[PDB]
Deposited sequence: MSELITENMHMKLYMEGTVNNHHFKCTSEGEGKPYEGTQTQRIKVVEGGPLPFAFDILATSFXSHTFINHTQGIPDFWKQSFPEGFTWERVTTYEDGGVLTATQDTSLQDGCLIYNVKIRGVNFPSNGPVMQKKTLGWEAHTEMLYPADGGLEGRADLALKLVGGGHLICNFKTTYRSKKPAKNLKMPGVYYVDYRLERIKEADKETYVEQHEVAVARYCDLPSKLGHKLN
């Protein structure tokens, strides 16, 4: 009843990649239960960025997952309290991005505060030469663990030349809401598709859209 069929969000992010500091912000909107969302991002500080903006794209929304099959919604359940997520992405060429997030509810609008932290990206790899062309769609595996939710996934980032560079996500979602107040979910999976719908001024303004669906596997079962 506090998460409605249309909401808004407003974001703020600060961080450092191989020691280039920047800050960013956005507003956005979508449909928490149809699973859809758009965000409008401007690098407000530290731009143009000397790295490809696709490494940051997965840091800008877990309230907007469309949840099929009575799978309880760890995320919509967390409010009004909200929730935090905390990650680490290891790229398969040495780059490690650690990110820590806070989602909170203030005035019908959802609020995101994120700190990014990047190091050891290779200086003639793609992130740093900006040879990248967006993320492929991906599936995240999820499973309660220790008072929160743990997530695990590999995404593939497309490159000029045609191959991909792979990366790992390790994520933990802890409730900003004392357990008693939340049913946990089994093991399950969320499928994403995150897309870049517009950029301008060498990525100092970006528009991003995402569809997410939660479901089980459907492979039958001899068990």
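Trainee: Could you sort out which parts of the deposited sequence are absent from the coordinates (no C-alpha) and give them as ranges from 1?
Mentor: Missing C-alpha atoms (numbering from 1) occur across the ranges 1-2, 63, 227-231.
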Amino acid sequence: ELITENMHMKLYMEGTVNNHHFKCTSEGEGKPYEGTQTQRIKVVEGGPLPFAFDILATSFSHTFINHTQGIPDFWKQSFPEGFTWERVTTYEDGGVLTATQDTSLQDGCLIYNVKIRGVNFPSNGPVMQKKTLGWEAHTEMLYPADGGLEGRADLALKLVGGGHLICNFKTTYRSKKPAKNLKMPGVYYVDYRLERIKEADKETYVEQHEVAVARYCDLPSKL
From here on, numbers count along this sequence of modelled residues.
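Trainee: On average, which has the higher Cα B-factor in the deposited entry, 76-84 or 93-101?
Mentor: In the deposited entry, the stretch with the higher C-alpha B-factor mean is 76-84.
Trainee: Quick check on the record: does 168-176 or 152-160 carry the larger mean Cα temperature factor?
Mentor: The deposited B-factors put 168-176 ahead on the C-alpha mean.
Trainee: For the C-alpha B-factor as written in the entry, point me to the maximum among 38, 26, 66, 58.
Mentor: The C-alpha B-factor peaks, among 38, 26, 66, 58, at 26.
Trainee: Go through 141, 133, 109, 128 one by one and give the residue whose Cα B-factor in the PDB entry is largest.
Mentor: Checking the PDB record, the top C-alpha B-factor among 141, 133, 109, 128 is at 109.
Trainee: Can you work out whether the C-alpha temperature factor of residue 122 puts it in the lowest, middle or highest third of the chain?
Mentor: Its C-alpha B-factor belongs to the middle third of this chain's values.
Trainee: Residue 182's Cα B-factor: lowest, middle or highest third of the chain?
Mentor: Top third by C-alpha B-factor.
Trainee: Which third, lowest, middle or highest, does the CA B-factor of residue 188 fall in along this chain?
Mentor: For residue 188, the deposited C-alpha B-factor lands in the highest third.
Trainee: Among the modelled residues of its chain, does the C-alpha B-factor of residue 14 lie in the lowest, middle or highest third?
Mentor: CA B-factor rank for residue 14: middle third.
Trainee: Lowest, middle or highest third: where is residue 210 by Cα B-factor in its chain?
Mentor: Its C-alpha B-factor belongs to the lowest third of this chain's values.
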